[PDB]
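Chain by chain, the residues run as shown.
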Amino acid sequence: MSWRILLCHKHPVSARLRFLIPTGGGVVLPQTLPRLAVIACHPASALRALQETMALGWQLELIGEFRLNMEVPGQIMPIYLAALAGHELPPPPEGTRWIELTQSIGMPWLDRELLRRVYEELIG
Amino acid sequence: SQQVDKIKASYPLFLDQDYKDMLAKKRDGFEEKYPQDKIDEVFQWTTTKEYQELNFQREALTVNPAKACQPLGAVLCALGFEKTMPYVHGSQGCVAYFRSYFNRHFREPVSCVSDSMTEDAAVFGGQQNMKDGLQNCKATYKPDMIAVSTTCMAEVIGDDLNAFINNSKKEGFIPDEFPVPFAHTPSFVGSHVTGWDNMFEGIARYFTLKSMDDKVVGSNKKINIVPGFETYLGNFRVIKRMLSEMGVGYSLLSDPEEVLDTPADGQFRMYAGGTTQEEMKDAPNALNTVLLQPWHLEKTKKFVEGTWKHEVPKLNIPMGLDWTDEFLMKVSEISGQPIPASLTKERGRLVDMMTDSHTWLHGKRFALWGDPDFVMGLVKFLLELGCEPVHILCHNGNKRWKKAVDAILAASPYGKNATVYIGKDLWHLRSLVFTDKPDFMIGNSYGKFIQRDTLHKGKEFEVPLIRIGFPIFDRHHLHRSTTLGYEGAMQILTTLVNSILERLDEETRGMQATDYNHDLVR
Amino acid sequence: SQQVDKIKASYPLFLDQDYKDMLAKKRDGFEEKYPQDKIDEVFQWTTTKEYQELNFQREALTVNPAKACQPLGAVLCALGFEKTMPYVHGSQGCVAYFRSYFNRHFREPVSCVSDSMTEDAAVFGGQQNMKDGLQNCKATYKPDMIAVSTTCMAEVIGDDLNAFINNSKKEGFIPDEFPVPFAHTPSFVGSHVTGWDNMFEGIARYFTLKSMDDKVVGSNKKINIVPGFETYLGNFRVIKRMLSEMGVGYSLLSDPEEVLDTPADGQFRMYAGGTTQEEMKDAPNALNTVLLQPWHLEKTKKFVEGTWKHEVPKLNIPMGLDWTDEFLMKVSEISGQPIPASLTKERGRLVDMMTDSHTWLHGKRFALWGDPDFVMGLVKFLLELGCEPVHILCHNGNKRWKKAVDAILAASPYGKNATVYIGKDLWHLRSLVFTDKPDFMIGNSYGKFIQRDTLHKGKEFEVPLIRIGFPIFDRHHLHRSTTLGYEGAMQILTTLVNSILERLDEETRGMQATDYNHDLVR
Amino acid sequence: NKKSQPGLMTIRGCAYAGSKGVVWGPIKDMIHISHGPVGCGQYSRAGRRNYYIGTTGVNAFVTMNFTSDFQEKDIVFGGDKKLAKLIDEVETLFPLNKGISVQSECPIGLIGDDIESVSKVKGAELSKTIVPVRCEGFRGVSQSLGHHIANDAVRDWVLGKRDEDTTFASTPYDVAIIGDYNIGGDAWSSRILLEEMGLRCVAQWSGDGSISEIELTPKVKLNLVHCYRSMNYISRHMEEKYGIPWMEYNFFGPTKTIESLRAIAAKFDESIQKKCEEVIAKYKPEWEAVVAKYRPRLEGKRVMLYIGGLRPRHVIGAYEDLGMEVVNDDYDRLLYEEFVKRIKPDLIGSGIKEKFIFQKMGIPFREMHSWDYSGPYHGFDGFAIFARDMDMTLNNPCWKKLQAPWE
Amino acid sequence: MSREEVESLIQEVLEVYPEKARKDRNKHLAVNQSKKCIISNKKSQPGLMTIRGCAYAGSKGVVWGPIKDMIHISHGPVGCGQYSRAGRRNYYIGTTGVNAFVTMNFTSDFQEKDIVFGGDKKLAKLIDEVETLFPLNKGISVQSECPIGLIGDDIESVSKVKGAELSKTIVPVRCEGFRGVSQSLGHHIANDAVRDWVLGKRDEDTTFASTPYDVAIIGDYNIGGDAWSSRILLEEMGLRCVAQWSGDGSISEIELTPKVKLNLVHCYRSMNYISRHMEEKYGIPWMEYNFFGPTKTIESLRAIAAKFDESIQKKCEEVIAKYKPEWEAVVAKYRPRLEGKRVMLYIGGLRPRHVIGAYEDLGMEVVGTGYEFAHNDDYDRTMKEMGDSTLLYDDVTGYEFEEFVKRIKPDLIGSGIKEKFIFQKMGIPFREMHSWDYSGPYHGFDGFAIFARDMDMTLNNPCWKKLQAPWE
Ligand SMILES: [Fe+3]
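What counts and how
- Residues numbered from 1 in each chain as written, not as in the entry; some residues may be left out.
- Chains lettered and ligands numbered in written order.
- Heavy atoms only, no water.
- Helix = DSSP H or I, 4+ residues; strand = E, 2+ residues; numbered from the N terminus.
- Buried < 20%, exposed > 50% of the residue type's maximum accessible area, 1.4 Å probe, protein only.
- Areas by Shrake-Rupley, 256 points an atom, 1.4 Å probe, with all protein chains shown as cover.
- Contact = heavy atoms within 4.5 Å.
- Buried area = accessible area lost by both parts, 1.4 Å probe.
- Salt bridge = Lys/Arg side-chain N within 4 Å of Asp/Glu carboxyl O.
- Polar contact = N/O pair within 3.5 Å; in protein donor to acceptor, adjacent residues only side chain to side chain.
- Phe/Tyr/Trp six-rings, centres within 6.5 Å; stacked < 30°, edge-to-face > 60°.
- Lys NZ or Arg CZ within 6 Å of the ring centre and 35° of its normal.
- Domains from an automatic or database assignment.
- Nonpolar A, V, L, I, M, F, W, Y, C, P; charged D, E, K, R; others polar.
- UniProt positions renumbered as here; feature names shortened; annotations may be inferred.
- Expected span 1.5 Å × (residues − 1).
- Pairing = 2+ DSSP bridges.

Asker: Just give me the short version of the overall build of chain D, but keep the residues and values in it.
Answerer: Of the regular secondary structure elements, chain D holds 18 helices and 12 strands. For chain D, the spread of C-alpha atoms along the principal axes amounts to about 65 × 60 × 40 Å. Put simply, chain D has 407 residues, and 70% of those count as buried. Entry remark: accessible area of chain D is about 12,800 Å², with carbon and sulfur atoms responsible for 52%.

Asker: Explain the interface of chain B and chain D to me, using residue names and the numbers behind them.
Answerer: Taken together, the 99 residues of chain B in the interface contact 105 residues of chain D. Between chain B and chain D the total buried area reaches about 8,700 Å² when both faces are included, carbon and sulfur atoms providing 62% of it. On the surface where chain B and chain D come into contact, there are 9 salt bridges. The salt bridge partner of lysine 67 of chain B is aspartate 69 of chain D, with a shortest N-O separation of 3.5 Å. Here chain B and chain D share 39 residue pairs in polar contact between them. By residue number, the principal contributor to the side of chain B that touches chain D is helix 6 (residues 92-106) of chain B, which donates 10 residues.

Asker: Can you explain the packing of aromatic side chains? Please cite residues and give values.
Answerer: With the rule as written, the count across this model stands at 81 aromatic pairs over all chains. Between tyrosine 516 of chain C and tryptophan 188 of chain D, the ring centres sit 5.9 Å apart and the planes meet at 85°, which makes this aromatic pair edge-to-face. Taken as a pair, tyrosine 516 of chain C in the segment after helix 22 (485-507) and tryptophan 188 of chain D in helix 8 (residues 186-196) lie in two separate chains rather than in one. With a relative accessible area of 0%, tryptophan 188 of chain D lands in the buried category. In textbook terms, an aromatic cluster arises when at least three aromatic residues are bridged by ring pairs, as seen for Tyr97, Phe98, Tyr101, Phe102, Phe106, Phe229, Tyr446, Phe470 and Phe473 of chain B together with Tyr43 of chain D. Here the basic side chain of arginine 430 of chain B rests over the ring of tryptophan 427 of chain B, its NZ or CZ set 4.5 Å away from the ring centre.

Asker: Report on the environment of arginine 333 of chain D, specifying residues and quantitative values.
Answerer: All names here are of chain D. By secondary structure assignment, the location of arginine 333 is in the loop between helix 15 (329-332) and helix 16 (338-343). If sequence neighbours within four positions are ignored, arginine 333 has contacts with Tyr228, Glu248 and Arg313. Within polar-contact distance, the side chain of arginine 333 engages the side chain of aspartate 330 at 3.1 Å.

Asker: Help me get a handle on the domain arrangement of chain E, residues and values and all.
Answerer: All names here are of chain E. According to the domain assignment, chain E consists of domain 1 (1-54 + 337-471), domain 2 (55-197) and domain 3 (198-312). One C-alpha centre belongs to domain 1, the other to domain 3; they are set 29 Å apart. Domain 1 puts 30 residues into the contact, and the matching count from domain 3 is 23 residues. Summing both partners gives a buried area of about 2,200 Å² for domain 1 against domain 3, and 60% of it is carried by carbon and sulfur. Broken down residue by residue, the surface that domain 1 buries against domain 3 is led by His354, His443 and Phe445, which jointly contribute 31%. Across the domain 1-domain 3 interface, the total number found is 4 salt bridges. On the surface where domain 1 and domain 3 come into contact, there are 11 residue pairs in polar contact. Contributing elements (two or more residues each) for the side of domain 1 that touches domain 3: helix 16 (351-354), helix 17 (356-361), helix 18 (376-385) and helix 21 (444-459). The dominant element in the side of domain 1 that touches domain 3, judged by the number of residues it contributes, is helix 21, at 5 residues. Considering only residue class, the side of domain 1 that touches domain 3 consists of 12 nonpolar, 10 polar and 8 charged.

Asker: Could you give an account of the UniProt feature "binding site: [8Fe-7S] cluster" in chain E, naming the residues involved and the relevant values?
Answerer: Mapped onto the present numbering, the UniProt feature "binding site: [8Fe-7S] cluster" falls on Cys54, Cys80 and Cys146 of chain E. For the residues just named, distributed over 93 residues, the greatest C-alpha separation is only 10.0 Å, placing them together at one site. You can see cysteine 54 of chain E is positioned in the loop between helix 3 (34-37) and helix 4 (55-64). Residue class for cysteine 54 of chain E comes out buried when judged on its relative accessible area of 7%. Once you skip the residues sitting within four places of it in the chain, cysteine 54 of chain E turns out to touch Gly93 and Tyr97 of chain C together with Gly177, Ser182 and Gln183 of chain E. Inspection of the secondary structure assignment puts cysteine 146 of chain E in helix 8 (residues 146-150).

Asker: Explain helix 6 (residues 92-106) of chain C residue by residue, including any values.
Answerer: Residues and elements named next belong to chain C. End to end, helix 6 covers 21 Å across 15 residues, agreeing with the expected 21 Å (1.5 Å per residue, within 8%). Within helix 6, 15 of the 15 residues are buried, which leaves it mostly tucked inside the rest of the structure. Once helix 6 finishes, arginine 107 follows within two positions and takes phi at roughly 55°, a positive value.

Asker: Account for the interface of chain E and chain C, naming residues and giving values.
Answerer: Counting from both sides, the interface comprises 112 residues of chain E and, opposite them, 99 residues of chain C. Together chain E and chain C conceal approximately 9,100 Å² of surface at their shared face, both sides included; 62% is due to carbon and sulfur atoms. Considering only the side of chain E, the residues that lose the most area to chain C are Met49, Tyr83 and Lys425 of chain E, jointly responsible for 10% of the buried surface there. At the surface where chain E touches chain C, the tally comes to 9 salt bridges. Joining chain E to chain C, the criterion identifies 39 residue pairs in polar contact. By residue class, the composition of the side of chain E that touches chain C is 54 nonpolar, 31 polar and 27 charged. As judged from the 2 bridges shared by strand 1 (residues 62-63) of chain C and strand 3 (residues 106-107) of chain E, these two strands associate in the antiparallel manner. When the bridges of strand 3 of chain E are listed, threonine 62 of chain C appears paired with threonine 107 of chain E.

Asker: Could you give an account of the pairing of strand 10 (residues 342-345) of chain E, with specific residues and numbers?
Answerer: All names here are of chain E. Relative to strand 11 (residues 365-371), strand 10 runs parallel, the two being bridged by 3 bridges. Counted as the bridge partner of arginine 342 is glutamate 365 from strand 11. Note: strand 10 against strand 13 (residues 412-415), 3 bridges, orientation parallel. Across the sheet, the residue bridging to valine 343 is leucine 412, located in strand 13.

Asker: So what about the UniProt feature "binding site: [7Fe-Mo-9S-C-homocitryl] cluster" in chain D? Which residues, and what values?
Answerer: Residue and element names in this part refer to chain D. Here, UniProt's "binding site: [7Fe-Mo-9S-C-homocitryl] cluster" annotation points to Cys227 and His369. Looking at the element boundaries, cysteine 227 is found in the loop between strand 7 (222-225) and helix 10 (228-241). Under the relative-accessibility criterion, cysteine 227 is labelled buried at 10%. For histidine 369, the position within the fold is in the loop between strand 12 (365-367) and helix 18 (379-394). If we skip the residues at most four places from it in the chain, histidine 369 touches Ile183, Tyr306, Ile307, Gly308, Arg311, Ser350 and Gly351.

Structure follows, in structure tokens:
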């Protein structure tokens, strides 16, 4: 569609930033980013649509400060940040994994930069 | 239970019957502890020679090392310069551990900062971390200089200190003229003394490499003194006192004796004394450079001989009698100043103390450990005292140092039963003192556990510890002692002979059993 | 039986089975020893309060005194002058004992002569003995001045030192202008400190009494320092160092720190340093006279205030923090020289060491003994450290000194459980430390026999000894320590805190029993 | 729980410090390998005063430093073969160890080392519990991440070792002390009171803790958590999985100790409550005498504290019991010179590194991390020591001698 | 050293003395009947730094002090008892303060009042307090100091009265320091006190079971355990050492001494009077034994065994055979490092001539000796046991002895503590021949190993090779 969501979970005590990302590549939910995308609907509507399509029955909140906007051929696509509240990491759904930032080594520069910006927004 | 008139701390509060019964119930009900006979059998096995061969076959396991990492020595070197902040580019836990270590040893505030390198810097490097850390450090603590070292993570990910600092200066985070010397200090190479060497070489490079076209050797008629990794406040002062008595102009580079001995007058001083930047910039103009601890100041020696064009004398550490004499003669030859009568009288008094205490010091067996230069100086002094060093252990020593110490031992009749161990930790020394029992050990506080183990075998097998080295944690104000020069030699001799005398007094304090030898005059 | 590889001295050779059997046969066959149960019962009785009441009822018996006779202090005072020979008119055994005592304490050659008065002198006096002794002493050892004291025999038979010396000079045995000061030192009056006072007063009288017409107070812009009976070389050196730091001109009268620390260089020096005769002759020209130990320099104070017209300040011994401060301010006021920043930094460092070790020193209970001024200075320092001097004993103290120490104790919250004993010996202190156990006892080597006694009752009842005082015989080179000034305060603080830490480490070295508190960091 | 500003003199530890030094280190019967270079283990060797009972070097290894001592070749080529050889040598030289825990240092996670596979292989071969902990120092912003990672390792490797075991005789009065690290014997001073109440302390970890106690923890009836910050994860996991209720207890000062004892007894039958009242009556005169002796010399003095995660907010009760004034979930239950001058605090309580700074500034100080080489401070027996130390530090004359009389 | 050179040295060292001092000292320095060569046991020259002691030192510190079960009172001021407290290493076995009182100082602490009005009432009160506070003492000895004999104090009457009242043996020893010229008169006075108060306490008692192998060790003061090392060898020979005083000695052993069959006298100088008295009265033969060095020990053991039946001689041969390998190994190890070294000694009454045995056993040569308080008989015994063209000094002064050593320049010196530091400064290795330099024992086969080890430790110590600054 037109929106992208980076799904994260930060522990209130230990501040462990885990990222729920697809196992097939990419860093964004629900689908991967267009190949040519470079760094350049309501956000709550995007969050609820992602929750409905991915069968996420958890408490997901919108980090309104983290707004990014990339350009894909013929479209300016905002991407937002969705944080998972609570105290326990939920079991990852099918096709998704709960990676850490140091576990992003070997992934392309674009998604590593996206995760770095998320980490700076939340912990830094 | 507690009595308000005789309140007891953990010892001996936990020796009470109720606490003993509770601990026994805990052990017998849920700890699933091995039987006490089994524990005794295993301990007896660990004190045998078969366990010694099994322990000395170790090649991948290190138990109770006697060394630290390079950035600790780098921080110690950085602390010796005027208004200089040690800045360790890397994780903050390393800096916290360095500060805790130096606080426990010196019992003084220790200044050190980090850029808090985190997973983000693990993926992308610490360039932003370096910029922000340099800016915040300069804006907050107002240092005249920031001396940069590295932790293991920065060296592993490959952070270029030179490029990072240059980029920080170019983008306006710090002024272009602000002195920011740097040194790469990989914690997996060498030990803390190597870190001290790297930091000193980096600072000397930063201050002298690009301004050697107007430097003439002997212009200021002074002698540069590089003390190396030194944790005795008296060692910095004895060198200065002896050089001032000789009338010799000197420049003690990296002198931290002032910031580590700040007076308590209701005011906190982050910076106090230290080597000035002008002394470093004028260092190549000196007559010569004398390295107090040459066996870990190798990169410094190479830089001084190659760039400063100084004929660095081949001097051992000024520890003991002969080596202090050689150091004084070399200083006199370089400076042209005759050795004064005060130093001759001090040497005579030291020899007098040696003659007084030789009857008790002769023939004693010592197992000593520490840094290479300190260990070799202590071995030389023990040989001069008639003592027999039997277990010379140096975890951070090399083969050339071992060969030099073996040559020193072979030159004395008292080094016949001496073995030099390099790359061996304190668990090796435990087996060494269990199988070949010496009279005493000489080392840092980490040996206090070995004395606990030997006493477990029996009082006759106990090997008392003498705390000469780094770090000393279980005693107060021992960092103010001296080990260099005649004064340090007298202090060491007094400590050794008095420790022998306390051991003899304790062994002969049994009434009607061993008190016949409890002599008043000893 | 002996093994040539490991030769055993008396300990533990006499612990072998054959020697034990031989000693057991000797005891059980011919010694007629009391049964061991009887010995144990009597020893247990001696550690009770009833035995303490019996012990403190003593009126005529003295057991283990803590004092010496006057001529010993007279000899020590005489040794502090330039090329001066101590000459004790009386029996030679007294001189032999003085020399042996000082040789065992200082581990140095001590020069002292006697006229060897015998039974013949018991009926006719020692006039011929004095003449011959003076002539032989001047001809043989060539002293610049002979300082004459007396033994108990010469005092009992009533030998007039003045008349004897005048006849010796008149009859042609010594030159009429040769300096021969004299002092009557009755060994049955006072103690060694009284002898020091008498000898110093005699020397000062001899050199200044008949030449007071051309003396103006404050002409030479210097301050006279009278150290009293001092057996620490560091005490002599610290006063000179502190006065030189302030830039204050001083004259240390009776300075023996040079002849008692002569170097070993293949040459024996009978005389070294000391107060010159010109310094003593020019002493009345000083601004003021400061007595370092005023509580045994009362005769000297009377002479200085009466003859020299010096307003001697009412200063305590410069021991500890507050009294060192008072001494420094008084010296600054007298001389007009402000206290330098180096002394302020030294005071701040002492305060820092006080704060660093206050958690280990606060609340500790000490039983201390020694000379009056030393004891009161130690009590003041202990009160400044938060320690409790429960048992203060001074054999040679008087009622006025006891009142002063009680006034000092009542001014501090930590003197609540403190009692001052004067005229009591070390057996009284043994009873005190058995019935009211302190944590440590501070004193000379003679306390090593009390500690053993306590250890015989049990390890939980042992009172360790800290050797600070005179004489120290069972330790080497402790006479070079310092007890005066900030440096002496730091040395004493380090000794106390480290002794506490060794005691704690020893008490917690039991594996799986008390090693839970065997902390690496203390 | 955010990043620390670069270039500042922060005292925050690393994940390795929070995992090896805090959670895993106090376990006595297990051997903990500081996998990596030599510095981290050496600076952390015998640093924290987590007291224990055992024969060091034979069956207990708390104060020992086991490390891989990484060199350049171990960084270039990895340290997995070295780890396997080290595990073999540990088994050879220390046969009485009941487990091995490999605590990772910074280079381990950066050079791509699979310590989990080595741990699995060697544990299968030696039939030993080897726990790989990825406590690399760069991970996280403080020691809290170390606590979380160590708790995850406990849950995933040690906690479920007796899930299928039902040979343990359980009683209705079974409690487990979690988060008490026995700093100076605090855990012992709490366990004595708990057992005097009729409760059975089956597990007490990590302070004086053993692997058997950790395995037996899921078999208890109540979890008494001392430090919530470091063991909240494990307490919640045990509550969710084994259905074991957990509650927080505070034994600092007599009032807090009494309230916590009554609250704990309220979770059991009337016999435990009666025994708790009897214990409170027994210990009342002792702490009453302590207050009567030390409150007069401590009344009115003002306090500031700045400690890691738990002690900043739970030490107030003992201070008020002595008559002394004190001036995201942790904050829910000044909240960080001129300010210090304006309020004029009589005492500041923080760690060793700030201890000497505040000593230089002249304010009396108390080490709130290691009890200033004293203790215990918790429970009725520890309240006397705490009051004595308060009087010793606050009223020491050394703080009144900072200014030279001639200035 | 040529003899003419020794005479020239003596003349040169006496050149600086006054005429009276020179003429007196010329009779006390000789080159190896005593009267023809050396003059001994005479007055010491005033003001010449004498090493001699007093009669109190030779009586209390030497003969009476080592007795453990007895309490010895230093009657007089405090100094004499304070300086002699635990000065001598006369080892003993006992509970100090309960049944043994060797290292403890008992004194009356005379003040001006006691000097003016006497100290007899004070002495009686002191004896009462001693009996009250130390009930397990087996006897009291009152050692007089210098003031006692000058103020007209009658301690004999007090001793007799209090001993009769308390049924205790109180021995008054008038050992005033001014009496005599040295400690030899102290030895004589102490021996007279032992004979007159303690020795005859069991003359009418016949309840001791005696054996034909009864010997008593007299004059061995257990300096570092010498007496024990001699007694072990004596008892391994089959002899029963009934009495061993003063070292580790008891009053019961002193009383039992007249019941022995032989008196082995170690120190002839201090305990020759008592040995002669026992031989004349009780008919007990006495012989001198020397256990210093292996050769002397073997010769003395054979001579002692020759006084008994064949079984004792066979046991002596067995003991010598048993101890042969140990001292042979000691010699083999230490003689190479001690061969050819020259020694000089200045000791008190007995040791200067006794110690020459083990030095030769180790390959050393003695080139000079002397005494502090010896008599003519001691020098008569010494000249036979020393080499030719050597220097003998009687009551040598400080200056004389330093010049002597500066001229001979030996390799080792054995003397007291008062010259130890002087010779340490002059650069000559020194061994305390009085207290064994806080080592020992030195007597017997076990002591020979310690003696050789100490000789090698001191003579070959590196500290003597660092006395010259390398820039001078
Ligand atoms: Fe000396």
